[PDB]
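**Student:** Mind looking over this structure? Questions follow.
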Amino acid sequence: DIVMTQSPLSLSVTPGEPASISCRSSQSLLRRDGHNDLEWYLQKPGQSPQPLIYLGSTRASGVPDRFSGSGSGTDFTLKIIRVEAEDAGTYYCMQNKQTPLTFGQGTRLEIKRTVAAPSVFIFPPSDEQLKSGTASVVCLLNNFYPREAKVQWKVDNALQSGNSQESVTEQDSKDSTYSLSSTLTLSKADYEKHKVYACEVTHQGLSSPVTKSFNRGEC
Amino acid sequence: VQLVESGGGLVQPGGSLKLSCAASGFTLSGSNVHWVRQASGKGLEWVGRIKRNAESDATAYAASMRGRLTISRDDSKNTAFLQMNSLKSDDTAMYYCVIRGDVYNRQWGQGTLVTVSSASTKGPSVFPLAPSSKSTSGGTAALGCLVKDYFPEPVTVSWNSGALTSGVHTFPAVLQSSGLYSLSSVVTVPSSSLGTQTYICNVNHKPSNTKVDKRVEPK
């Protein structure tokens, strides 16, 4: 089958600056009419892929001037002349010369923005969850940049290792930030045995690590 | 113009599923209908296609999906179908219907998730993440809903029946050690609104017919 090789696999561009993505075909994609059997799709977070370029260089309906497809035969380039926050997503090249239709690995475009320290919030287990027999402590790290963040959990000064799970949202299409949720899992018995639940957050935007805590039964 | 996708869902290994791609506003017999799948956090993989009537309703399939696929069209229903037999865990993915024609050209459907697992469906427990002093930083409060212990994916979470979108972060689900997923959905809102403005999270887990409207109250 026709192998599609995308380069780079990820890049970070500050809005207003250009972005370029290379696509290499293992077979000639050149057509009799002078066009190429090469397309570009973008997949924004939480959405289906969407057409950008077809026939090598033709813009899909609704796709602005700032996006261009170029190259011929085997070597292709997708250019974004001026990057915007909304362009955050994964870009894919695809061949439609023959079946199977094949795609490149995908290129993840990160929108570079100013360092934003997260807003940190802590949520004790709800009385209703405790009533059901379980306990989940939730630490929210809201709207931060870059994505690298560290969350440390402590229960009465004991560092928790292996009993929490994190989930990071994809880059926000508007303000270019990420959000993270760390969940501490404990049995109801262990939850009721301790007082201080502390979430310690490390991030580039914080001069020192930030601790958000609560005491069970208030104090 | 709309593409309605259905027929996905939980299926046991070695089982069968029939995906539907219902077209509205245009005739499918004049278009080429493709199927593309994407495993969670992965790239794109073409599965097969059925050409238009003028192209002898010719079908092609991916080598990976060898002799297990049957793509067809019910021109009376204006629907395309992808019948998949003898499924394996490696077939777990979001399946997209792609139109190649005059209308909805190189455009994708919202997709339908196929889960090939031995695990049984479980509806979630919905617990509030109540706003309080520990979730109030500055003049901003955070609140949410903990959507716990469900299988399979997906769960949809909205706030105030779609009227609350600004400040919302529905986190990707994590698979817990139990084999059950869990997610949090949060909102940051003004702290001055906490006593007067009502905040309801609308959770729907269609695999288990679980639909819950949860009111998240402060204190």
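Following the order of the structure tokens, first chain is A, next is B, and so on, with residues numbered from 1 inside each chain and ligands from 1 in the order they appear.
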Hey, list the chain A side of the contact with chain B: 7 Å cut-off, only C-alpha atoms, answer as a PyMOL selection string.

**Tutor:** chain A and resi 48-51+100-103+105-106+121-123+126+128-129+167-169+214

**Student:** Please save C-alpha atoms of the selected residues as a short mmCIF file (atom, residue, chain, number, x, y, z; two decimals), in the first residue's frame.

**Tutor:**
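Here's the written file selection.cif:
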data_model
loop_
_atom_site.label_atom_id
_atom_site.label_comp_id
_atom_site.auth_asym_id
_atom_site.auth_seq_id
_atom_site.Cartn_x
_atom_site.Cartn_y
_atom_site.Cartn_z
CA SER A 48 -14.51 14.40 13.45
CA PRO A 49 -11.77 15.15 10.80
CA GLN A 50 -12.61 18.04 8.47
CA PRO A 51 -11.40 18.68 4.90
CA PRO A 100 -6.72 1.24 0.57
CA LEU A 101 -6.97 4.98 1.20
CA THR A 102 -3.99 5.66 3.49
CA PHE A 103 -3.17 8.40 5.96
CA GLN A 105 0.63 9.42 11.28
CA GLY A 106 -0.94 12.81 12.16
CA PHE A 121 -9.56 23.83 43.49
CA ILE A 122 -10.18 20.88 45.83
CA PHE A 123 -13.38 18.83 46.17
CA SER A 126 -19.64 14.14 48.40
CA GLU A 128 -23.88 11.08 48.68
CA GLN A 129 -20.81 9.13 47.45
CA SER A 167 -7.08 13.46 33.07
CA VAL A 168 -5.94 16.42 30.96
CA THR A 169 -8.25 18.19 28.47
CA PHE A 214 -9.30 20.56 53.40
#

**Student:** Contacts of residue A:176 at 9 Å or less, counting only C-alpha atoms, minus same-chain residues fewer than 6 places along, as an mmCIF file with N, CA, C and O atoms, in the first residue's frame?

**Tutor:**
data_model
loop_
_atom_site.group_PDB
_atom_site.id
_atom_site.type_symbol
_atom_site.label_atom_id
_atom_site.label_comp_id
_atom_site.auth_asym_id
_atom_site.auth_seq_id
_atom_site.Cartn_x
_atom_site.Cartn_y
_atom_site.Cartn_z
ATOM 1 N N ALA A 85 -5.556 30.524 17.350
ATOM 2 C CA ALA A 85 -5.892 29.636 18.467
ATOM 3 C C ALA A 85 -6.767 28.479 17.991
ATOM 4 O O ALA A 85 -6.502 27.339 18.366
ATOM 5 N N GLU A 86 -7.756 28.759 17.114
ATOM 6 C CA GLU A 86 -8.724 27.778 16.592
ATOM 7 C C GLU A 86 -8.131 26.621 15.779
ATOM 8 O O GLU A 86 -8.777 25.597 15.629
ATOM 9 N N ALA A 88 -5.701 24.721 16.650
ATOM 10 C CA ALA A 88 -5.239 23.663 17.550
ATOM 11 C C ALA A 88 -5.967 22.362 17.160
ATOM 12 O O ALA A 88 -7.209 22.328 17.039
ATOM 13 N N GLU A 110 0.244 22.463 18.395
ATOM 14 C CA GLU A 110 0.074 23.183 19.647
ATOM 15 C C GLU A 110 0.180 24.681 19.432
ATOM 16 O O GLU A 110 1.122 25.156 18.804
ATOM 17 N N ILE A 111 -0.771 25.425 19.980
ATOM 18 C CA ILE A 111 -0.748 26.872 19.935
ATOM 19 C C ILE A 111 0.030 27.384 21.148
ATOM 20 O O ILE A 111 -0.350 27.158 22.307
ATOM 21 N N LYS A 112 1.179 27.985 20.857
ATOM 22 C CA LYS A 112 2.067 28.522 21.875
ATOM 23 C C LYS A 112 1.441 29.802 22.375
ATOM 24 O O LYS A 112 0.900 30.574 21.597
ATOM 25 N N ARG A 113 1.420 29.977 23.678
ATOM 26 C CA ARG A 113 0.851 31.157 24.287
ATOM 27 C C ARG A 113 1.691 31.481 25.507
ATOM 28 O O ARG A 113 2.626 30.731 25.822
ATOM 29 N N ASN A 143 -7.110 26.006 33.535
ATOM 30 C CA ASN A 143 -6.570 26.927 32.528
ATOM 31 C C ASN A 143 -5.099 27.294 32.651
ATOM 32 O O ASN A 143 -4.750 28.447 32.911
ATOM 33 N N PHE A 144 -4.234 26.313 32.442
ATOM 34 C CA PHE A 144 -2.803 26.526 32.528
ATOM 35 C C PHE A 144 -2.058 26.240 31.206
ATOM 36 O O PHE A 144 -2.570 25.571 30.309
ATOM 37 N N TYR A 145 -0.835 26.758 31.118
ATOM 38 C CA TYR A 145 0.074 26.630 30.009
ATOM 39 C C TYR A 145 1.490 26.844 30.520
ATOM 40 O O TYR A 145 1.685 27.771 31.299
#

**Student:** Excluding same-chain residues fewer than 4 positions from residue A:97, what lies within 9 Å of it counting only C-alpha atoms, as a list in words?

**Tutor:** residues 2, 28, 29, 30, 31, 36, 37, 38 and 101 of chain A

**Student:** Can you write just those residues out, N, CA and C atoms, as a compact mmCIF listing (two decimals), in the first residue's frame?

**Tutor:**
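Produced file selection-v3.txt, reproduced below:
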# COMPACT_ATOMS: atom_id res chain seq x y z
N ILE A 2 0.32 2.42 -0.42
CA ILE A 2 1.00 3.72 -0.45
C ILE A 2 1.25 4.22 0.99
N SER A 28 3.83 7.71 -6.59
CA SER A 28 3.47 8.97 -7.26
C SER A 28 1.99 9.21 -7.14
N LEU A 29 1.61 10.40 -6.68
CA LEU A 29 0.21 10.79 -6.53
C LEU A 29 -0.26 11.71 -7.68
N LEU A 30 0.65 12.02 -8.63
CA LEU A 30 0.40 12.88 -9.78
C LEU A 30 -0.60 12.28 -10.78
N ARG A 31 -1.58 13.12 -11.16
CA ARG A 31 -2.70 12.87 -12.07
C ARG A 31 -2.44 13.44 -13.47
N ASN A 36 -2.79 16.37 -7.98
CA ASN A 36 -2.29 15.23 -7.23
C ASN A 36 -3.39 14.66 -6.38
N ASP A 37 -3.37 13.34 -6.17
CA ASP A 37 -4.36 12.63 -5.37
C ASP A 37 -3.93 12.65 -3.93
N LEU A 38 -3.90 13.86 -3.36
CA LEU A 38 -3.45 14.19 -2.02
C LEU A 38 -4.40 15.22 -1.36
N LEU A 101 -7.28 3.57 1.02
CA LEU A 101 -6.97 4.98 1.20
C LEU A 101 -6.08 4.98 2.44

**Student:** I'd like the contact shell of residue B:26 - 8 Å cut-off, only C-alpha atoms, skipping same-chain residues fewer than 2 positions apart - returned as a PyMOL selection string.

**Tutor:** chain B and resi 1+23-24+28+103

**Student:** Work out how far atom CA of residue A:43 is from atom CA of residue A:107, in Å to one decimal.

**Tutor:**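 Atom-to-atom, atom CA of residue A:107 to atom CA of residue A:43, that is 10.1 Å.
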
**Student:** Skip stretch 184-191 of chain A itself and residues of its chain fewer than 4 positions away, then list as a ChimeraX atom specification all residues within 7 Å of it, counting only C-alpha atoms.

**Tutor:** /A:130,133-138,163-165

**Student:** So which one's closest to residue A:198, A:215, A:174, A:166, A:154? Using only C-alpha atoms, please.

**Tutor:**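 Looking only at the distances to residue A:198, the closest residue turns out to be A:154.
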
**Student:** Can you tell me which residues surround residue B:86 at a distance of at most 12 Å, considering only C-alpha atoms, apart from same-chain residues fewer than 3 positions away, and format the answer as a list in words?

**Tutor:**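 Counting only C-alpha atoms, the residues come to residues 11, 12, 13, 14, 15, 16, 17, 65, 66, 67, 68, 69, 83, 89, 90, 91 and 116 of chain B.
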
**Student:** Could you write out, as a ChimeraX atom specification, all the residues of chain A that DSSP marks as strand (DSSP E)?

**Tutor:** /A:4-7,10-13,19-25,38-43,50-54,58-59,67-72,75-80,89-95,102-103,107-111,119-123,134-144,150-155,158-159,164-168,178-187,196-202,210-215

**Student:** With distances taken over only C-alpha atoms, which of A:118, A:209, A:56, A:124 is nearest to residue A:141?

**Tutor:** A:118

**Student:** With DSSP run on the backbone, what are the helix (DSSP H, G or I) residues within chain B? I'd like them as a list in words.

**Tutor:**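 The helix (DSSP H, G or I) subset of chain B is residues 28, 29, 30, 53, 54, 55, 63, 64, 65, 89, 90, 91, 133, 134, 135, 191, 192, 193, 206, 207 and 208 of chain B.
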
**Student:** So that I have them on file, write out the residues from the current selection with N, CA, C and O atoms, as a CSV table (one decimal), in the first residue's frame.

**Tutor:**
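Result went into part_1.csv, see below:
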chain,number,residue,atom,x,y,z
B,28,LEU,N,-27.6,9.1,-1.6
B,28,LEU,CA,-26.4,8.3,-1.5
B,28,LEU,C,-25.9,7.5,-2.7
B,28,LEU,O,-24.7,7.2,-2.8
B,29,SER,N,-26.9,7.1,-3.5
B,29,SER,CA,-26.6,6.3,-4.7
B,29,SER,C,-25.7,7.0,-5.7
B,29,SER,O,-25.1,6.4,-6.6
B,30,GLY,N,-25.7,8.4,-5.6
B,30,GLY,CA,-24.8,9.2,-6.5
B,30,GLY,C,-23.5,9.5,-5.9
B,30,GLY,O,-22.6,10.1,-6.6
B,53,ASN,N,-23.9,4.4,-7.9
B,53,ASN,CA,-24.6,3.5,-8.8
B,53,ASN,C,-23.8,3.5,-10.2
B,53,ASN,O,-23.6,2.5,-10.8
B,54,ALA,N,-23.4,4.7,-10.7
B,54,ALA,CA,-22.7,5.0,-12.0
B,54,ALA,C,-21.3,4.3,-12.0
B,54,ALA,O,-20.6,4.3,-13.0
B,55,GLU,N,-20.9,3.8,-10.8
B,55,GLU,CA,-19.6,3.2,-10.6
B,55,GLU,C,-19.8,1.7,-10.1
B,55,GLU,O,-19.0,1.2,-9.3
B,63,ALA,N,-7.2,-4.6,4.1
B,63,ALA,CA,-6.5,-5.9,4.3
B,63,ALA,C,-6.6,-6.4,5.8
B,63,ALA,O,-6.9,-7.6,6.0
B,64,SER,N,-6.5,-5.5,6.8
B,64,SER,CA,-6.6,-5.8,8.2
B,64,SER,C,-8.0,-6.3,8.6
B,64,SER,O,-8.1,-7.1,9.5
B,65,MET,N,-9.1,-5.9,7.8
B,65,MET,CA,-10.5,-6.3,8.0
B,65,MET,C,-10.8,-7.4,6.9
B,65,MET,O,-11.9,-7.3,6.4
B,89,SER,N,-10.8,-7.4,20.0
B,89,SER,CA,-10.5,-6.2,20.8
B,89,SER,C,-9.8,-5.0,20.0
B,89,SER,O,-10.0,-3.9,20.4
B,90,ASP,N,-9.1,-5.4,19.0
B,90,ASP,CA,-8.3,-4.5,18.0
B,90,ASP,C,-9.3,-3.8,17.1
B,90,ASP,O,-8.8,-2.9,16.4
B,91,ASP,N,-10.5,-4.1,17.1
B,91,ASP,CA,-11.6,-3.5,16.3
B,91,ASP,C,-12.2,-2.3,17.1
B,91,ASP,O,-13.0,-1.5,16.5
B,133,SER,N,-15.8,27.1,50.0
B,133,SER,CA,-14.6,27.9,50.3
B,133,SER,C,-13.3,27.3,49.6
B,133,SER,O,-12.6,28.0,48.9
B,134,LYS,N,-13.1,25.9,49.7
B,134,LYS,CA,-12.0,25.2,49.1
B,134,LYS,C,-12.0,25.1,47.5
B,134,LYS,O,-11.0,24.8,46.9
B,135,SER,N,-13.2,25.4,46.9
B,135,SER,CA,-13.3,25.5,45.5
B,135,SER,C,-13.7,26.9,45.0
B,135,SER,O,-14.2,27.1,43.9
B,191,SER,N,-18.4,33.6,41.8
B,191,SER,CA,-18.8,33.3,43.2
B,191,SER,C,-20.0,34.0,43.7
B,191,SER,O,-20.8,33.5,44.5
B,192,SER,N,-20.3,35.2,43.1
B,192,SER,CA,-21.4,36.1,43.5
B,192,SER,C,-22.8,35.5,43.0
B,192,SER,O,-23.8,36.0,43.4
B,193,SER,N,-22.7,34.5,42.1
B,193,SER,CA,-23.9,33.9,41.5
B,193,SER,C,-24.3,32.6,42.3
B,193,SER,O,-25.4,32.1,42.1
B,206,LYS,N,-26.0,6.6,27.2
B,206,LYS,CA,-26.9,5.8,26.3
B,206,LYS,C,-26.8,4.3,26.3
B,206,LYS,O,-27.8,3.6,26.3
B,207,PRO,N,-25.5,3.7,26.4
B,207,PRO,CA,-25.4,2.2,26.5
B,207,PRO,C,-26.2,1.6,27.5
B,207,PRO,O,-26.7,0.5,27.3
B,208,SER,N,-26.5,2.3,28.7
B,208,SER,CA,-27.3,1.7,29.8
B,208,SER,C,-28.6,2.4,30.0
B,208,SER,O,-29.2,2.2,31.1

**Student:** Could you please determine the separation between atom CA of residue B:6 and atom CA of residue B:212 in Å, to one decimal place?

**Tutor:**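 Separation of atom CA of residue B:6 and atom CA of residue B:212: 22.3 Å.
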
**Student:** Quick one, how far is atom CA of residue B:99 from atom CA of residue B:31?

**Tutor:**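 Separation between atom CA of residue B:99 and atom CA of residue B:31: 6.6 Å.
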
**Student:** Find the residue from A:61, A:114, A:96, A:181 that sits nearest to residue B:104; use only C-alpha atoms when measuring.

**Tutor:**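 Of the candidates, the smallest distance to residue B:104 is held by A:61.
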